[PDB]
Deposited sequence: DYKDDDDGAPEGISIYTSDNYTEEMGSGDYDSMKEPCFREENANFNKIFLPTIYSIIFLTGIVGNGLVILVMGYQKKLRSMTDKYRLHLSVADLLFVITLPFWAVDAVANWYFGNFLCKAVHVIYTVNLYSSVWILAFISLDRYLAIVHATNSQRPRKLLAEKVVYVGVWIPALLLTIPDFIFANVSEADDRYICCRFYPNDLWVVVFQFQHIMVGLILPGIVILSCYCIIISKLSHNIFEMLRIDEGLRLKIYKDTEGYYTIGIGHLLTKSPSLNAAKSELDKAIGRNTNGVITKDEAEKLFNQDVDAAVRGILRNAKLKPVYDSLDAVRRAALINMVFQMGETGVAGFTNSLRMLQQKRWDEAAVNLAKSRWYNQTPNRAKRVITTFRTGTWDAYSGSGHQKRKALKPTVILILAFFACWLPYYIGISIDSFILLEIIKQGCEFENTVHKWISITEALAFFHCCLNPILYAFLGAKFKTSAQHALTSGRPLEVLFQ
């Protein structure tokens, strides 16, 4: 019957088996991958400029990885100069990469929401504001890595860490990292996405406002059912009060059949969700929907509002060419349909939208204003996918230090083994950029 200390030796053998393989794969993929990107991009698109800034910031950390591999399994031999040098590069890569993605989010916001005349703000941001707003504060946050980062002896081996004079310095830089490197860029990316989809959903509303027509009063359908807004069916019921109450329930406000343009858009967005969810469930409409752009989807949703899910599914001959990207060959083959001679003015606007892939078939402004959103949304989500299991480990470990979760030596070493392996796997965001080309 004796009390024993909490041995960290069970964490040492864990790193010596799993981490040498992880740090070897991410090093080779991040040096062959990003190495080719800088040679192809820099020498011999708009988002490609930010990817050049990203592929140079992560490459600087790839040549830093052989030091990370040795420190995790063996000991720190490299010295006090390399200790500061590795800590500075790590600080740069942590805040530069997360703010390059934030600037990518801002670039898509200007290209989609204010596309009318955005060539000047998009240029100024990528050519000048990127250095002032990303590289200048990132190099200004490396000051503590020049003061507190230094080698120290600890029990068995040497450790290269940031040593603060007291706990008040530890907790202020602990909370500073959460803001500048996780919360603040997270707000910028989230607020961009939430106003880009807001614009995208509004563009379909104005598209069908032109085609179907907006009605702020309860009107009778061609079939005789009570309808309001842009073809939003309330009830199949012959009662007006039944549909009137159904409207009051859907809106929340006690309406006497009168609704506003905003209220009409809220009901419209609800009908688009239902149409989209049903389209991706159809075996002949789902492999087409993902292949289309943002405006080509709006034109397909327009056909669903006009004919129905069953009706659009009957274009099996035309939907096949629509996936093969033969937009000039499909439009001439779809112009011969009975649908075109059923309604000629609405059909010509929808078919020219599928043919060109421009929202200018309805808008009286510019031409060929097409922008990509799919590679961006993948890169940002896949970035946080690498960090998500690592930030889970810190969160649980924080409660052990805050004395909320008070358990044994085993649980204390389990969270460490989790953090130690998820840290190594979180550095795959370096390989994430050149792999996205596949």
Q. Going from the first residue of the deposited sequence to the last, where are the unmodelled runs?
A. 1-31, 76-79, 474-498
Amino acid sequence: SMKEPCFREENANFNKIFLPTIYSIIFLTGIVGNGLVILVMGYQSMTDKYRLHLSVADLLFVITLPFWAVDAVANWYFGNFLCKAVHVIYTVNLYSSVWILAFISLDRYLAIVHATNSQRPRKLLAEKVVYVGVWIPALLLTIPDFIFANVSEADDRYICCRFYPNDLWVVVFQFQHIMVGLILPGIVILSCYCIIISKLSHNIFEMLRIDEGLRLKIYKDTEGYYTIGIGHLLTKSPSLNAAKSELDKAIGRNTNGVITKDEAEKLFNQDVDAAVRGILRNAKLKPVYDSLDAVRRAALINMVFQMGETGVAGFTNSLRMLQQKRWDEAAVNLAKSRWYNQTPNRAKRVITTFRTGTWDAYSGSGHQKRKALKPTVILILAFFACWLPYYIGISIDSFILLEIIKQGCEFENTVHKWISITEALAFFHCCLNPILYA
From here on, numbers count along this sequence of modelled residues.
Q) On average, which has the higher Cα B-factor in the deposited entry, 376-384 or 64-72? A) 64-72
(Q) Averaging CA B factors per stretch from the PDB record, which one is higher: 316-324 or 303-311? (A) 316-324
Q) Which of these has the highest Cα B-factor in the record: 269, 291, 96, 343? A) 291
Q.
If I read the C-alpha B-factors straight from the PDB entry, which of 265, 156, 107, 145 is highest?
A. 156
Q: Looking at the entry's B-factor column for C-alpha atoms only, identify whether residue 223 ranks in the lowest, middle or highest third of its chain.
A: highest
Q. In terms of the CA temperature factor given in the entry, to which third of its chain does residue 418 belong: lowest, middle or highest?
A. lowest
Q: Rank-wise, by C-alpha B-factor, drop residue 366 into the lowest, middle or highest third of its chain.
A: highest
Q: Among all modelled residues of this chain, ranked by Cα B factor, put residue 18 in the bottom, middle or top third, i.e. lowest, middle or highest.
A: highest
**Q.** Third of the chain, ranked by Cα B-factor, where residue 27 sits
**A.** middle
